[PDB]
Amino acid sequence: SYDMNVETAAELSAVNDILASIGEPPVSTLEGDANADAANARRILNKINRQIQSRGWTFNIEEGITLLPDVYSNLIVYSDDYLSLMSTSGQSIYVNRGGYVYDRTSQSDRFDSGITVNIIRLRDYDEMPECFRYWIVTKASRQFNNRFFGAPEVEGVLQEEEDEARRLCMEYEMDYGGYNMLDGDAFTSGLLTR
Amino acid sequence: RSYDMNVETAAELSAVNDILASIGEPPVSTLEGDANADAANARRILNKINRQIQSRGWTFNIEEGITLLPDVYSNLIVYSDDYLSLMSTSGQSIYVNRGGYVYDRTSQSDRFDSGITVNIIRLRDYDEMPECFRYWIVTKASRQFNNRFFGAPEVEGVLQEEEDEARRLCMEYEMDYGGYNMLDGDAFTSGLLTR
Amino acid sequence: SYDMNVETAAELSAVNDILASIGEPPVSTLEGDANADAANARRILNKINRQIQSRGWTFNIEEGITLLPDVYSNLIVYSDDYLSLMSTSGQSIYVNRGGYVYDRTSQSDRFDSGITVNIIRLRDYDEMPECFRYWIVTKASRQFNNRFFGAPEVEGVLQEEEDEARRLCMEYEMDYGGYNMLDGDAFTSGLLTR
């Protein structure tokens with residue numbers, strides 16, 4: 001259940017801003033001193049990054065990919081990287097069992113030659129658009145304010161700020177998905193056929 | 001320092017860390033060596049709440065008709081504490097425990113051969129859970145561990161808003177994952193649309 | 001009027017959680033130390049288990065069983081185990097008198113060859129579904145919080161919590177009973193005969 005044992009310059013600027021949320025100064029590099037101030041600020045980033053991924057968003061969802069079994073076992077590892085696994089159409093079948101995909105209708109584990117699913121893959125603080133990269137910080141900037149320096153007046157401003165941020169995030173995909181009522185969907189696209 | 005450097009931890013351990021971050025205090029490294037109430041406190045409140053989130057609802061949790069098999073010699077079926085809720089398939093469910101064993105409350109009997117067909121909610125770990133719920137199992141535990149122990153009203157009044165937002169994301173999950181249909185997939189009004 | 005002079009491991013974890021409700025740390029075994037903290041927590045569990053049974057719920061109600069008198073006496077013991085005793089149809093006849101069932105219409109006590117009733121049998125903290133096993137704890141987590149460590153803020157959260165627990169309990173039998181308006185009842189099942 002993924003570890004933060006590597007470092008990145010673009011991820012470093014996020015940890016600075018989470019430390020700004022208390023009022024703490026920058027940490028120059030995340031190689032480490034003894035401070036729980038910068039250690040908790042990095043974990044609350046990772047703990048919230050896996051929420052923002054767990055939602056929603058349309059670039060995050062990989063429409064039908066194929067997961068392939070180890071031919072000799074034969075099963076597919078359902079890793080903690082995979083945040084949410086559903087099926088393509090409806091009445092999704094798969095769920096983990098021991099860390100492995102498992103049919104809850106076919107009563108079976110072992111199957112050959114693949115599946116087609118929608119995986120939300122877990123990505124970094126990088127591999128994210130800048131709308132969300134703000135909101136991953138400023139949502140972390142609330143729970144890091146609430147767990148260590150819990151001043152009610154600097155949180156009550158920040159709650160208004162992360163809500164503003166999430167709105168800009170919801171502004172993003174509505175454009176980015178480009179979705180359509182009457183011309184792009186599954187049902188009422190078929191009705192407009194003359 | 002290094003890259004690429006892929007590595008994983010216990011999801012059970014990191015959940016106990018987030019409970020300890022929520023009350024407000026430094027991360028505890030390990031769980032075993034049964035010292036530190038805070039590691040027994042946070043892990044019990046995790047387990048005590050994981051068995052609620054399973055006790056509800058959710059559709060991957062419900063195993064549609066499985067068979068439970070008695071011994072040939074006794075002949076009864078053990079109804080364990082692991083089985084959270086046991087109902088029948090259709091309606092006017094018959095089964096209920098009696099000494100830890102399943103029991104007909106209509107056939108007035110305990111002993112039957114050749115099995116049943118039921119809906120068991122099986123209890124699973126903190127793992128064997130999707131990530132939407134793994135969040136909400138923590139942040140609901142982050143409230144009852146805050147309430148029962150760090151009894152400051154302002155930290156829970158924040159966190160109560162947070163676990164409710166978690167539950168909505170959880171409620172969002174199966175609505176997709178079940179993919180349920182009003183007029184085409186159900187028991188009654190699927191039959192009415194037949195031409 | 002049933003005593004808690006036996007012990008159970010699954011019942012032990014309930015007493016732990018009632019002790020968590022103050023903020024007190026666990027008791028390992030219920031064999032006993034001097035503390036009234038664990039002794040009052042075990043009693044308030046038993047005192048509330050006999051309420052949740054006294055309600056309602058449909059697995060709890062045993063539809064018509066037979067109680068059988070001692071052929072030589074001849075009466076039926078109405079024990080304190082029996083929480084509520086009604087008749088099958090309506091205008092129920094039976095009520096205790098000295099600890100014994102008694103007709104309040106036939107003016108009599110002694111009768112031969114049995115009855116047919118709806119007994120709510122008192123069961124343990126075990127022999128309960130998990131929805132209720134939660135709510136038997138978290139209702140006990142209020143009356144144990146009010147009687148011994150009564151901070152008003154830790155009760156005010158818990159009252160919201162036991163209410164949410166009660167709703168999950170109320171959700172249970174609505175499924176588990178599977179009750180039907182127009183196809184399963186006594187009156188308007190008979191109306192729909194064609």
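Here, residue numbers run from 1 along each chain following its sequence as written; these need not agree with the numbering used in the entry, and residues that have no coordinates do not appear. Written order determines the labels here, with chains lettered from A and ligands numbered from 1. Keep in mind that this is only part of a larger assembly, and the values describe that part, not the whole. As a convention, hydrogens and water are excluded, and side-chain values are obtained from all of the structure's heavy atoms.

Chemist: Whenever I open this one, the interface of chain B and chain A confuses me. Can you help?
Modeler: When the parts of a complex come together, some accessible area is lost, and that lost area is often used as the size of the interface. Chain B puts 43 residues into the contact, and the matching count from chain A is 39 residues. Both sides together, the interface formed by chain B and chain A hides about 3,500 Å², and carbon and sulfur atoms give 45% of it. Think of a salt bridge as a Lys or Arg side-chain nitrogen and an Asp or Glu carboxyl oxygen that are within 4 Å of each other. For the pair chain B and chain A, the interface holds seven salt bridges. The residue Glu131(B) makes a salt bridge to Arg50(A) at a minimum N-O spacing of 2.6 Å. In this description, contact between two residues means that some pair of their heavy atoms is separated by no more than 4.5 Å. Buried area is calculated as the accessible area (1.4 Å probe) missing from two parts once they are joined, with the contributions of both summed.

Chemist: Looking at this structure, how should I read the environment of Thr188(C)?
Modeler: Residue and element names in this part refer to chain C. Segments assigned H or I by DSSP are reported as helices when at least four residues long, segments assigned E as strands when at least two residues long, and all are numbered from the N terminus. Here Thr 188 lies in the segment after α4 (152–177). Throughout this description, buried means an accessible area under 20% of the type-specific maximum (1.4 Å probe, protein chains only), exposed means over 50%, and partly exposed covers the range between. For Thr 188, a relative accessible area of 23% corresponds to the partly exposed category. In this structure, the C-alpha to C-alpha distance between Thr 188 and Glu 173, residues 15 residues apart in sequence, is 22 Å. When near neighbours in sequence (up to four residues on either side) are disregarded, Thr 188 contacts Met 181 and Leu 182.

Chemist: Sorry if this is basic, but what is going on with the packing of aromatic side chains here?
Modeler: To describe a pair of aromatic rings, one takes the distance between the centres and the angle between the planes. Note on ring pairs: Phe, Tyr and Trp rings are taken, using the six-membered ring of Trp, and paired if centres are within 6.5 Å. Classes follow the plane angle, with under 30 degrees stacked, over 60 edge-to-face and the rest tilted. One pass over the full model with this rule turns up 24 aromatic pairs over all chains. Note on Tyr78(C) and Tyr82(C): the rings are 6.1 Å apart at their centroids and 65 degrees apart in plane angle, and the pair reads as edge-to-face. Both residues of the pair, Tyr78(C) and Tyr82(C), count as buried. Put simply, the rings of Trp57(A), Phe59(A), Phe132(A), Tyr172(A) and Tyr176(A) pair up and form one aromatic cluster. Geometrically, a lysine NZ or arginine CZ counts as sitting over a ring once it is within 6 Å of the ring centre and also within 35 degrees of the ring normal. Over the aromatic face of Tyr103(B) sits the side chain of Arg98(B), whose NZ or CZ is 4.4 Å from the ring centroid.

Chemist: Help me out: how do you make sense of the pairing of strand β2 (residues 82–87) of chain A in this one?
Modeler: Each regular strand displays side chains that alternate between the two surfaces of the sheet. Residue and element names in this part refer to chain A. With six of its six residues buried, β2 lies for the most part within the structure. The pairing criterion is simple: DSSP has to find at least two bridges between the two strands. Summarising the sheet, β2 and strand β5 (residues 117–121) pair through five bridges and their orientation is antiparallel. Paired with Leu 85 across the bridge in β5 is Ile 119.

Chemist: Explain helix α2 (residues 36–52) of chain C to me, please; I cannot follow it from the model alone.
Modeler: Given 3.6 residues per turn, any residue in an α-helix points the same way as the ones three and four places further on. Residue and element names in this part refer to chain C. Look at α2: 24 Å from first C-alpha to last across 17 residues, which is about the 24 Å you get at 1.5 Å a residue. Buried within α2 are the following residues: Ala 38, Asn 40, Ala 41, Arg 42, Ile 44, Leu 45, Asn 46, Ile 48, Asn 49 and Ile 52. Close packing links the buried residues of α2 with α1 (9–22) and α3 (130–147). Between the first and last residue of a helix there are one fewer steps than residues, each counted as 1.5 Å, and that sum is the expected span.

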